[PDB]
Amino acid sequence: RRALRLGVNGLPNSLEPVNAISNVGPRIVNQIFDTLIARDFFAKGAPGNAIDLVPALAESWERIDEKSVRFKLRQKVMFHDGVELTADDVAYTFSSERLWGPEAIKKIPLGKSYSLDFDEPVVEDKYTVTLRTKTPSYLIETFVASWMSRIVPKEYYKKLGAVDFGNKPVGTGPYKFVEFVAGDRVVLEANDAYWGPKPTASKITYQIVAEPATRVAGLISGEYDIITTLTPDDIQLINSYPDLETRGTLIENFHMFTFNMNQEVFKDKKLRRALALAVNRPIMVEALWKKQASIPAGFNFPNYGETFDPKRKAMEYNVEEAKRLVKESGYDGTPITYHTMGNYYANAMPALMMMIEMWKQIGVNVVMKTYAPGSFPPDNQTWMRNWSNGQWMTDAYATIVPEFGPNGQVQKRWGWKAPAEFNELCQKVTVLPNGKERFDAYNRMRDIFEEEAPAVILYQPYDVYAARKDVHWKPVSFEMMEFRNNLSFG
């Protein structure tokens, strides 16, 4: 088998699966680990965007009541160190100690904020485990299929601790850990003992190539098999080569800019709103995305299924109202910084250059500040910054509630003083089943989010990959790379 060489935009700081959550971690951790329920993106010949849930580490499951789901595990599944997967490992993955409890907070900083209102899992027998919540939750199934739910081995993880585990991970996945050179490369090798479809690559190397031009030059020279995070502008050059091609898809993620609301200038919504009202999204989509990025009608996406509103009004664009707001805020012309980690996000710097011009036209002076990979500056050094959110559930709960909710980092770390009504709705949507009330509640939260502008949604990006024609691999509609029944060499 051939060794797969990937040229990537970045690498996670840890391979601990929850701590690896980002645009760059899942493409690695999806290989090392498995979940209880997996998504089949290619079901019924779909082009990598199917919503179908299939058994994975759990052979079967059934909801018991409004607060609990019982899982029957696949038997004789082995972790990379030869240890058999049991209900103890699953119970540990979803425990108070490891994930969501007070003791987990130092190990996994966003563990509590990103998890459901869990109670301790109940081990029924060697291959049976019940996962439960303290309050009603109709989200257990989607959460279990998510990137929060990769199964870790109890004994090994406990012996290493979360930090050491992140540097030497052990999972049940099709590929096992070889090496991790901080901010340089991650090397994995085939786990030939895998319970599912056998790995088709002998080795997988994720090599950081921060500059997108250097990444393209690497692919042309034959240094890489697949490269990530390109823009639709790179398409024509790569496809002119008979041995190379581009492979792209709209992903279930949105690019945005956000604010440090602990800063005096952003404590009040006025200037946040003015900056939001001046963003001409259709012009950015034409100029940078060749019409391929999608502009959502609010914090609202098709993957939400029952909580997606196809009838919602477009996010407002109003230059005159933006000008009136800049004057009202008493803004004095002082430059406001906007932090970006180069082009970690496709089109980050070109989008910022366009926005700086749009903002200069409303009387706001914004200046770009770059930071190095894995070198995010202290919070007090930041005003504006770009970010993204992967829409990780088949429900509107993520990411409005885990990121922007009363327990989330936007309010707790970044100082958004959310209206009491918003926080009250977050709590209501957490516990309600789908229906008219829950659907209407998300639309009200969406309206408040637009009035408050704690972040400004830009678009759903069109993820662009480039690969050697002889490397058969299809992108999926999520910020990850799937190789199960989706990797072969010509």
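The first residue of the sequence shown is number 1, and the count goes up from there. Rigid core (definition): largest C-alpha set, two forms, superposition within 1.5 Å.
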note = 264-272 or 296-304, the stretch lying farther from the shown form in 8 other deposited structures of this protein by root mean square CA distance over structures and residues, after core fitting, is 264-272
query = C-alpha RMS from this form in 8 other deposited structures of this protein, rigid core superposed: larger for 318-326 or 104-112?
reply = 318-326
key: Of 178-186 and 346-354, the one with larger mean CA B-factor   = 178-186
message = Please compare 133-141 with 383-391 and say which has the higher mean C-alpha temperature factor in the record.
response = 133-141
request  = Have a look at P212, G305, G405, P169 and flag the one whose Cα has the highest B-factor in the entry.
outcome  = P212
Largest Cα B-factor, entry values, listed residues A418, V326, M261, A372 = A372
ask   = With respect to C-alpha B-factor, does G363 fall in the lowest, middle or highest third of the chain as deposited?
value = middle
note = Sorting the chain's modelled residues by C-alpha B-factor and splitting them into thirds places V476 in the middle
request  = Check where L73 lands among this chain's C-alpha B-factors and tell me if it's the lowest, middle or highest third.
outcome  = middle
query = For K44, does the deposited CA B-factor place it in the lowest, middle or highest third of the chain?
reply = highest
request  = Pull the Cα B-factor of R27 out of the PDB entry and bin it into the chain's lowest, middle or highest third.
outcome  = middle
